[PDB]
Amino acid sequence: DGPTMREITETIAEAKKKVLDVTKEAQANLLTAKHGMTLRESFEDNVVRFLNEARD
Amino acid sequence: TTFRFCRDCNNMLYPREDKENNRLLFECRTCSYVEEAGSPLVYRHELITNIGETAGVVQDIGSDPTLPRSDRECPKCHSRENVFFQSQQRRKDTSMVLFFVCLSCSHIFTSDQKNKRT
Amino acid sequence: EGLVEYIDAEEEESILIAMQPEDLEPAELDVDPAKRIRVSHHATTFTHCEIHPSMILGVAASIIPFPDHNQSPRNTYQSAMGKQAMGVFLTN
Amino acid sequence: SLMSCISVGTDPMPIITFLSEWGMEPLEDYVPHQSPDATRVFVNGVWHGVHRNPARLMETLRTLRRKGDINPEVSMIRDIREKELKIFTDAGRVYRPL
Amino acid sequence: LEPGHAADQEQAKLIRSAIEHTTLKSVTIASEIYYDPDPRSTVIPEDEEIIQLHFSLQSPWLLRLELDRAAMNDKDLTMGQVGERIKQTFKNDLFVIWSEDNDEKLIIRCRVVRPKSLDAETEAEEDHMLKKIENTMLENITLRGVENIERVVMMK
Amino acid sequence: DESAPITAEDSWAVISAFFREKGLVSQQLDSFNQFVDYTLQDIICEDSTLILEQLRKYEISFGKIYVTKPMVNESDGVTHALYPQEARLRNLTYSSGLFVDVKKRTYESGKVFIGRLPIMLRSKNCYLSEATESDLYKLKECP
Amino acid sequence: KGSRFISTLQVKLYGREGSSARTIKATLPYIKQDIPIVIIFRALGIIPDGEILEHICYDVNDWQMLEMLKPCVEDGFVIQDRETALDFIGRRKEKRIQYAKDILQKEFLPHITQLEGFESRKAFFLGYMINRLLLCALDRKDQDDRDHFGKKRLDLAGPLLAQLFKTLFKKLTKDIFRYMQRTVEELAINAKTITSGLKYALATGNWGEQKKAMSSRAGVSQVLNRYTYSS
Amino acid sequence: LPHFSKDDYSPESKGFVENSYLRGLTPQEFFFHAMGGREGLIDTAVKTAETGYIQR
Amino acid sequence: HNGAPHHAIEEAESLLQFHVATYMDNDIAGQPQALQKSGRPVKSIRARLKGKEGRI
RNA sequence: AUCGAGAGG
DNA sequence: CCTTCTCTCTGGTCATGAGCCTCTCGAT
DNA sequence: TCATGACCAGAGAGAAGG
Ligand SMILES: [Zn+2]
Ligand SMILES: [Zn+2]
């Protein structure tokens, strides 16, 4: 129903905003290079995790 | 580093030591040319490089429609007409920092905040 | 008359294609919740526009109804099976 | 795909002649340190020289192709940040209208 | 971890640093070669303090390495450890000094010394030999860690 | 009104015009027409000339090529036009003939037959490229 | 056009990733052992090292690529003129120089030209290939993608028929010439050759002349599927 | 895709389908989904022969 | 018994051994594959019983 | 019989 | 030092293989 | 087609001599 689709699309929009925030944070070299992986790897993992969270 | 050649043969010069005066000379092995060194640096080897990250910046950059236009202003001329791209360097451990080029004054600036060089 | 142009794979690496001519309309809500979600173009330096995105399909897949609502392996399977359906192959 | 067509093959000689008559400096007269910001020019994967101010050349070539004075199935690619201009009249390249 | 020594990420990090392989190449930024014949004074205005703090108690070719702060801090490494490792490598066949952890730049200055004729005069080896020495320093210098363990992660 | 921008519906018009001029197998037909009109002659004029030296010199060279319309030679019969339906029924090969202009020069000849080339249907040498829908029906070919 | 035979030029960076001796050698068609690039350049009439590097590094303020090229010049230092470069050749005196001269215009970059007196174009193109190689080795440009469609060509009916017809016409010509040799004291054109070869290829789908392996391309010609119109 | 500007690490640019099968996929989403499903088809094609050799 | 030269016997042996080999095994390192009529490789006793379609 | 192509689960 | 031998890991070419079963047609 | 053990001469470590 309408309410549920509204909540779904708002969830997807908030996930998109989360990914945008992480991307801009990475663009300013403000990423913590945690041990054992590059910055790009951390960024990719964060974005993939966010999108899977949103889908589920 | 720089590189110099013999004026007569146009072949590369090799370092030699003027032992008695402790001088640095660049000699040729084609002819008997020898010149005075203008820099003590003889060999540089970068393992981490910032060269080529802004490669391929030509004045016609504004006519590449595949490149994205941002909304930032130029620190020099304050023109919001600018393009940007990520580091052209293709090493796997490369910062995801944006380089902007102004379409009004050809000035290259950066989204980086942890440092600001060149 | 310079209205349509042939583009190969190497050339389109230097262009920015639009999906619909509506992407050339100026932007300035009450959207149908049933319509699919189309993101804004967020690109303006267009050089070409697709004739119709449905032209990315072949002969077989062009028979499928609503292939945009199907898991893609099912579309592959249907493209494989349509070549085995019975019918009038030629009038003569 | 439906609108997918395939290149048939064209003669490159008129293209090269038109190049050499519109500022495409030949390769033996290419002074790299005296013309550093020069765009290389390829015709079917063969380097035929360099060219300066290639935006005008690219506009002229696209105007000719969109007119018919060049075979529409010829591909003309200006890579800017690489300073290259590659022209293919090869046979067997897959294209589509736009 | 050692039985009972679990639930202590301090010793966990210590073991991780002790086991993860670390080469000299992983911390170097650039490796330069200069002709710097005067030991008491360098042509480089930056290394002055380095030789100024060197007054306690060869070859004019200088091999100068710059190190990355991020690579030194992601690990637990001080310039003294790197210097002691490079000195342990060649066993007095070259002179080595370095900067301190407080300076804006992390530098290591090395010179060659031949025992036969460099103890009485300043004879210079072929600069082609310092290239091979730099190759051995960047490829065959084991700072710490173990042979093939090129990465270590702490998990709970 | 004349210069107003198009909509997504009008695109279909263009698509229609695309096929009314190309059909669906334009690739095959264009490749084969290019092969017959141009490539064949180039292959013929490539190192064609032959030289034999005795004490004189005899030279044999090939000139322009000619590609007939598809015909067929019946044994105990004569050459006559071959249409596709007859080829598919009689297990024939819808091939036309090749004739080269050969000339013999000496030191200090008419058209010659070299073989038959199979013809792609609806190419510039196929009888159906110029055929009307009614002509197709009379030739027992599906439009 | 003509004999579309393939010559595979390989410019190999023999230096390992972290090792020294970053030499750059080249593979020549009829030459056993790889050849350093500077010897090939001086064989092409480009003697000075500065001119060689100008043919490779198209910018003066690019010292990384030039420093990469130093071992090549130190490798080719032993040869300093053109005839000495041509003398470095793999065979079983003066004939080796001519063999090298012939290879450098017949088998070396034949797509450029096979006419003698065009060494500048080939030298510049070799420098271009070396520049691309070093742009890759310096992690400045990414490895060339192989599955990019623009690098792919679709041989359609035209090219396949041409590949077959060139062979068939060559066989016909050889038969005609052998007949002329056989007719030294006295129209003998077996048209069955061309027709039969074309029909065999178009029927069996084996694109060749009664061969199995040399005509490894099988299934080129297939029975038209007439089950349904869309099929 | 040539319909995106260069260096676009956006969710939709790199294969996130925010629509449902019920709602319908966009052309870019369609192509990315087909690209993903082809990988599964190829894995199903190859793992069969590999597992056949293993079982034998 | 004809009194042949010393190196025509070389040819006789290079043919006899080759034929006996190809009759035993036709696919070997020697580039000659002993093609039969119509360019077909001669089926050897080895390949006769070797393989999934083989005898065993 | 061989060789090959296409197709099904 | 330097040979000289006596076994030595070290470097390289080579053989070998690649899912069952089933259907149809086509050319020699 | 192509990766990968399984091999199998040649350069190559020591010990022993010289
Ligand atoms: Zn000189
Ligand atoms: Zn500005």
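- This entry, as listed in the PDB, derives from X-ray crystallography and reports a resolution of 3.0000 Å.

Points about the overall build of chain D
- In terms of regular secondary structure, chain D is built from 2 helices and 6 strands.
- Starting at the N terminus, the α and β elements of chain D follow one another as β-α-β-β-α-β-β-β.
- For chain D, the C-alpha atoms occupy an extent of roughly 50 × 25 × 20 Å along the three principal directions.
- Burial analysis of chain D (98 residues in total) assigns 53% to the buried set.
- Long-range pairs, those at least 24 residues apart, make up 58% of the contacts in chain D with a sequence separation of at least 6.
- Distance from the positive charge centre (13 side chains) to the negative charge centre (13 side chains) of chain D: 8 Å.

What about the nonpolar core?
- Ranked by internal contacts, the top residues of the largest apolar core, which has 53 residues, are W47(D), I24(G), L69(G) and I130(G).
- Once you skip the residues sitting within four places of it in the chain, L69(G) turns out to touch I24(G), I37(G), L53(G), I56(G), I130(G) and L134(G).
- Among the nonpolar cores identified, the runner-up in size contains 42 residues, and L29(F), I44(F), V112(F) and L161(G) belong to it.

Topic: the coordination of the zinc ion (ligand 2)
Residues and elements named next belong to chain B.
- Bound to the zinc ion (ligand 2) on the protein side are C74 (SG), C77 (SG), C102 (SG) and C105 (SG), at distances that span 2.2 to 2.4 Å.
- With 4 donor atoms in place around the zinc ion (ligand 2) and angles of 97 to 128° between them, the coordination shape is tetrahedral.
- For the zinc ion (ligand 2), all donor residues lie on one chain, and their spacing in sequence is C-x2-C-x24-C-x2-C. Residue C74 is found in the loop between β4 (41-46) and β5 (82-86), and its partner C105 is found in the loop between β6 (98-102) and β7 (108-110); the two are separated by 31 residues along the sequence.

Regarding the sheet that holds strand β1 (residues 50-53) of chain F
- Sheet architecture is open: 4 strands sit in the order β1-β2-β5-β6 (chain F), paired in antiparallel fashion. The open sheet is flanked by β1 and β6 (111-118) of chain F, the only strands paired with a single partner. Within the sheet, the average angular offset between the axes of one strand and its neighbour, ignoring direction, is 25°.
- Bridge count between strand β2 (residues 57-67) of chain F and strand β5 (residues 95-106) of chain F: 8 bridges; the pairing is antiparallel. Paired with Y58(F) across the bridge in β5(F) is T106(F).
- Strands in contact with helix α7 (residues 157-182) of chain G are β1, β2 and β6 of chain F; relative to β1(F), the strand with the most contacts, it is inclined by about 15°.

Regarding the pairing of strand β2 (residues 39-43) of chain D
Residue and element names in this part refer to chain D.
- β2 sits mainly inside the fold: 5 of its 5 residues count as buried.
- Here 4 bridges tie β2 to strand β3 (residues 47-51), and the two strands are oriented antiparallel to one another. When the sheet's bridge partners are listed, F42 is paired in β3 with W47.
- Between β2 and β3, which pair antiparallel one after the other, the connecting turn spans 3 residues, and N44 there sits at a positive phi close to 55°.
- Bridge count for β2 against strand β5 (residues 84-88) is 4 bridges, and the pairing is parallel. Residue pairing in the sheet places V43 in a bridge with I87 of β5.

Thoughts on the packing of helix α2 (residues 26-44) of chain F against α7(G)
- The N-to-C vectors of α2(F) and α7(G) enclose an angle of 25°; their axes lie 8 Å apart at closest approach. For the element pair α2(F) / α7(G), the angle class is roughly parallel. Judged by the twist between their axes, the crossing of α2(F) over α7(G) is right-handed. Together, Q28(F), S31(F), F32(F), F35(F), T39(F), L40(F), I43(F) and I44(F) of α2(F) and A157(G), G158(G), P159(G), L161(G), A162(G), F165(G), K166(G) and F169(G) of α7(G) make up the contact between the two elements.
- Broken down by class, the residue content of the contact of α2(F) with α7(G) amounts to 11 nonpolar, 4 polar and 1 charged.

Details of unusual backbone geometry
- Here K140(F), not a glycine, exhibits a phi torsion of approximately 60°, which is positive.
- When you line up the elements, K140(F) lands in the segment after α4 (133-138).
- Residue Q210(G) is not a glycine yet carries a positive backbone phi of 50°.
- Examined against the element boundaries, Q210(G) turns out to sit in the segment after α8 (192-204).

What counts, and where the lines are drawn
- Residues numbered from 1 in each chain as written, not as in the entry; some residues may be left out.
- Chains lettered and ligands numbered in written order.
- Part of a larger assembly, values for the part shown.
- Heavy atoms only, no water.
- Residues with missing side-chain atoms left out of burial classes, pairs and counts.
- Helix = DSSP H or I, 4+ residues; strand = E, 2+ residues; numbered from the N terminus.
- Buried < 20%, exposed > 50% of the residue type's maximum accessible area, 1.4 Å probe, protein only.
- Contact = heavy atoms within 4.5 Å.
- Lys, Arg positive; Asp, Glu negative; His and termini not counted.
- Charge placed at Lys NZ, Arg CZ, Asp CG, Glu CD.
- Core = buried A, V, L, I, M, F, W, Y, C linked by side-chain atoms within 4.5 Å.
- Donors = N, O, S within 2.8 Å, 3.2 Å for Na, K, Ca; no water.
- Tetrahedral: all angles 85-135°; square planar, octahedral: opposite > 155°, others 65-115°.
- Pairing = 2+ DSSP bridges.
- Axes fitted to C-alpha atoms, helices over the stretch in contact; angles between N-to-C directions.
- Parallel < 35°, antiparallel > 145°, perpendicular 65-115°, else oblique.
- Left-handed = near helix turned anticlockwise from the far one by under 90°.
- Nonpolar A, V, L, I, M, F, W, Y, C, P; charged D, E, K, R; others polar.

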